[PDB]
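Shown here: my_file01.txt, compact mmCIF, C-alpha atoms.
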```
# COMPACT_ATOMS: atom_id res chain seq x y z
CA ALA A 1 123.76 93.71 76.36
CA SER A 2 123.10 96.62 74.01
CA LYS A 3 119.90 96.62 71.97
CA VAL A 4 119.86 97.15 68.22
CA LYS A 5 119.98 100.79 67.08
CA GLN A 6 119.34 101.44 63.41
CA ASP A 7 118.01 104.20 61.17
CA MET A 8 114.26 103.60 61.25
CA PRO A 9 111.10 105.67 60.77
CA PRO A 10 109.64 107.12 63.98
CA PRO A 11 107.05 105.02 65.83
CA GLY A 12 103.76 105.35 64.03
CA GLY A 13 105.04 106.91 60.84
CA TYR A 14 106.08 110.04 59.03
CA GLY A 15 103.66 112.86 58.31
CA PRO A 16 101.82 112.86 54.98
CA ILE A 17 103.68 114.10 51.90
CA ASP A 18 101.82 116.09 49.26
CA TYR A 19 102.26 115.10 45.63
CA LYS A 20 99.17 116.23 43.69
CA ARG A 21 99.30 119.24 41.38
CA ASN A 22 98.36 122.51 43.12
CA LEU A 23 97.57 125.22 40.55
CA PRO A 24 94.94 127.62 41.96
CA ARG A 25 92.67 129.81 39.87
CA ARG A 26 93.77 133.24 41.19
CA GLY A 27 92.03 135.49 38.70
CA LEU A 28 89.04 137.61 37.79
CA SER A 29 86.39 136.96 35.13
CA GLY A 30 86.70 137.99 31.51
CA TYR A 31 83.72 140.33 31.73
CA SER A 32 85.30 142.26 34.60
CA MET A 33 88.63 142.71 32.81
CA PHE A 34 86.92 143.87 29.62
CA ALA A 35 84.72 146.27 31.59
CA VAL A 36 87.72 147.84 33.33
CA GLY A 37 89.56 148.17 30.02
CA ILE A 38 86.66 149.88 28.26
CA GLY A 39 86.07 152.16 31.25
CA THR A 40 89.70 153.27 31.20
CA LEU A 41 89.46 153.86 27.45
CA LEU A 42 86.34 156.02 27.84
CA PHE A 43 87.88 158.11 30.61
CA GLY A 44 90.99 158.67 28.50
CA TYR A 45 88.92 159.65 25.48
CA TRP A 46 86.99 162.21 27.53
CA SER A 47 90.12 163.76 29.04
CA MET A 48 91.89 163.98 25.69
CA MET A 49 88.79 165.49 24.08
CA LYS A 50 88.75 168.36 26.57
CA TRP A 51 92.51 168.87 26.36
CA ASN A 52 92.55 168.93 22.55
CA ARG A 53 89.67 171.42 22.37
CA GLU A 54 91.59 173.70 24.74
CA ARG A 55 94.70 173.22 22.59
CA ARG A 56 92.74 174.24 19.49
CA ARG A 57 91.64 177.44 21.22
CA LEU A 58 95.21 178.21 22.30
CA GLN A 59 96.47 177.69 18.74
CA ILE A 60 93.78 180.05 17.43
CA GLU A 61 94.96 182.68 19.92
CA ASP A 62 98.58 182.25 18.80
CA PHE A 63 97.56 182.55 15.14
CA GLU A 64 95.64 185.73 15.94
CA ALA A 65 98.76 187.18 17.56
CA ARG A 66 100.70 186.39 14.39
CA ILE A 67 97.97 187.96 12.23
CA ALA A 68 98.03 191.14 14.32
CA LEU A 69 101.81 191.34 13.97
CA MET A 70 102.01 190.54 10.24
CA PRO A 71 101.54 194.02 8.62
CA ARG B 1 107.76 98.33 37.50
CA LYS B 2 104.13 97.28 37.04
CA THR B 3 104.37 94.49 34.46
CA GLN B 4 107.66 92.85 35.52
CA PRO B 5 108.29 94.13 39.06
CA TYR B 6 111.67 93.79 40.75
CA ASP B 7 112.90 94.25 44.33
CA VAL B 8 109.83 95.42 46.32
CA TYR B 9 108.09 97.35 43.55
CA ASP B 10 105.00 95.15 43.90
CA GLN B 11 104.44 96.46 47.45
CA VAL B 12 104.15 100.16 46.51
CA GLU B 13 101.19 101.95 44.94
CA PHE B 14 101.53 104.51 42.15
CA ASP B 15 99.88 105.57 38.90
CA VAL B 16 101.42 105.44 35.43
CA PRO B 17 101.02 108.62 33.33
CA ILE B 18 99.75 107.99 29.80
CA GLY B 19 99.73 110.42 26.88
CA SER B 20 97.19 110.93 24.12
CA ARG B 21 98.96 112.71 21.25
CA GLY B 22 102.47 111.24 21.16
CA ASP B 23 104.14 114.67 21.04
CA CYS B 24 106.69 116.52 23.17
CA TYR B 25 104.05 118.23 25.33
CA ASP B 26 102.51 114.92 26.38
CA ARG B 27 105.92 113.50 27.28
CA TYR B 28 106.70 116.60 29.35
CA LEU B 29 103.42 116.14 31.23
CA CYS B 30 104.22 112.46 31.70
CA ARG B 31 107.61 113.26 33.22
CA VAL B 32 106.11 115.83 35.61
CA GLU B 33 103.49 113.34 36.75
CA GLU B 34 106.21 110.69 37.09
CA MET B 35 108.04 113.03 39.46
CA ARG B 36 104.85 113.31 41.52
CA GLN B 37 104.42 109.52 41.55
CA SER B 38 108.07 109.15 42.59
CA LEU B 39 107.31 111.40 45.56
CA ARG B 40 104.41 109.06 46.35
CA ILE B 41 106.65 105.98 46.19
CA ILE B 42 109.30 107.70 48.33
CA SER B 43 106.74 108.43 51.04
CA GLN B 44 105.63 104.80 51.02
CA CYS B 45 109.25 103.61 51.20
CA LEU B 46 110.07 105.97 54.07
CA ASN B 47 107.12 104.75 56.12
CA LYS B 48 107.84 101.05 55.39
CA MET B 49 111.59 100.63 55.91
CA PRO B 50 112.15 97.34 57.77
CA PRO B 51 115.06 96.40 60.03
CA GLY B 52 117.72 93.80 59.29
CA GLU B 53 121.02 93.35 57.53
CA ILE B 54 121.98 95.24 54.39
```
What's the structure tokens form of this structure?
Amino acid sequence: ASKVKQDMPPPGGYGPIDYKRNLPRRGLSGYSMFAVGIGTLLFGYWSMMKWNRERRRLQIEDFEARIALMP
Amino acid sequence: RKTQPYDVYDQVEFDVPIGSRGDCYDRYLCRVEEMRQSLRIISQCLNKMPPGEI
């Protein structure tokens, strides 16, 4: 006298299954990104300004060495 | 499945995706949403499988 055994869902039911789209925001604001970009640009401009002025002075020194050696 | 249902399609709940522009992008969105609705129908079918002969 064996009872019926068959593939059935568990008593109660199965757990919920997600189906809706899940695309989070995961980002900053436009103002923040623009601000960081401009800040990086300004820092780079300042550094290159100092470096290029120093390079101009070094080139002047090299040219003076050449001038002293020319005669 | 909604207008002329067959088998037990009248006992499941799902939405029908509808486009607006009639282009390839809208059809791609429709197919993605149809996959989501198929997941919905599969969950309903899994929780509602009856016993009996096949």
Residues of chain A at most 9 Å from chain B: nearest atom pair and distance in Å, all atoms listed in the file, as JSON lines:
```
{"residue": "A:6", "atom": "CA", "partner": "B:51", "partner_atom": "CA", "distance": 7.4}
{"residue": "A:7", "atom": "CA", "partner": "B:51", "partner_atom": "CA", "distance": 8.4}
{"residue": "A:8", "atom": "CA", "partner": "B:49", "partner_atom": "CA", "distance": 6.7}
{"residue": "A:9", "atom": "CA", "partner": "B:47", "partner_atom": "CA", "distance": 6.2}
{"residue": "A:10", "atom": "CA", "partner": "B:47", "partner_atom": "CA", "distance": 8.6}
{"residue": "A:12", "atom": "CA", "partner": "B:47", "partner_atom": "CA", "distance": 8.6}
{"residue": "A:13", "atom": "CA", "partner": "B:47", "partner_atom": "CA", "distance": 5.6}
{"residue": "A:14", "atom": "CA", "partner": "B:47", "partner_atom": "CA", "distance": 6.1}
{"residue": "A:16", "atom": "CA", "partner": "B:43", "partner_atom": "CA", "distance": 7.7}
{"residue": "A:17", "atom": "CA", "partner": "B:43", "partner_atom": "CA", "distance": 6.5}
{"residue": "A:18", "atom": "CA", "partner": "B:40", "partner_atom": "CA", "distance": 8.0}
{"residue": "A:19", "atom": "CA", "partner": "B:36", "partner_atom": "CA", "distance": 5.2}
{"residue": "A:20", "atom": "CA", "partner": "B:36", "partner_atom": "CA", "distance": 6.7}
{"residue": "A:21", "atom": "CA", "partner": "B:36", "partner_atom": "CA", "distance": 8.1}
```
Exercise. How far is it from CA of residue 56 (chain A) to CA of residue 68 (chain A), in Å with one decimal?
Worked result: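 These two atoms are separated by 18.4 Å.
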For this session: To one decimal in Å, tell me the separation between CA of residue 27 (chain B) and CA of residue 11 (chain B).
Result: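 A separation of 26.4 Å between them.
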Exercise. How many Å separate CA of residue 25 (chain A) from CA of residue 23 (chain B)?
Worked result: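 If I compute the distance from CA of residue 25 (chain A) to CA of residue 23 (chain B), I get 26.7 Å.
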